[PDB]
Ligand code: NI
Ligand code: NI
Ligand SMILES: [Zn+2]
Ligand SMILES: [Zn+2]
Ligand SMILES: [Zn+2]
Ligand SMILES: [Zn+2]
């Protein structure tokens, strides 16, 4: 079956499991826990920027 | 990001990797390689039946 899943925009892991750090500003941007913790601020995929508020959403 | 992935109707693994055994008759039915090889038809969710032709589709 076809299933909607969240894929990390930092590392392309899919599905993100347990929780996803979601951008409140971008249209459709999510990070897994590891990317949220380790991705460098100047290496975020544009147009996401480091000032965008992120929220932890249960999967 | 939101992403369409294939989820196995036999074991619920998602994404199916490599290839998916896809039902030609049902609306949206897929098995991973492992389920296709070892699950008996009585274990598969109605309305899928053993006479439905299945085709291997690369992921
Ligand atoms: Ni949102
Ligand atoms: Ni089809
Ligand atoms: Zn990631
Ligand atoms: Zn953003
Ligand atoms: Zn399976
Ligand atoms: Zn079927």
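Since every read-out is calculated from the coordinates, none of them should be taken as a lab result. Cβ coordinates were reconstructed from backbone atoms using ideal geometry, including for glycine residues, and neighbour counts include every protein chain displayed.
Laid out as a table, the results:
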read-out	value
Per-copy distances of the residue B:39 label point, shortest first, in nm (7 angstrom along Cα→Cβ)	3.4
Calculated on alpha-carbon atoms, Rg and Dmax of the protein assembly as shown in Å	17.9, 56
Copies compared at residue A:19 - label distances in nm, ascending, label defined 7 Å from Cα in the Cβ direction	4.1
Zero-based 10 Å bins, Cα pair distances in region B:1-46, whole percents	28, 57, 13, 2
Residue of chain A whose Cβ sits closest to the axis mapping A onto B, with distance in whole Å	A:5, 2
For residue B:57, inter-copy label distances in nm, listed shortest first [label point 7 Å out on the Cα-Cβ vector]	2.6
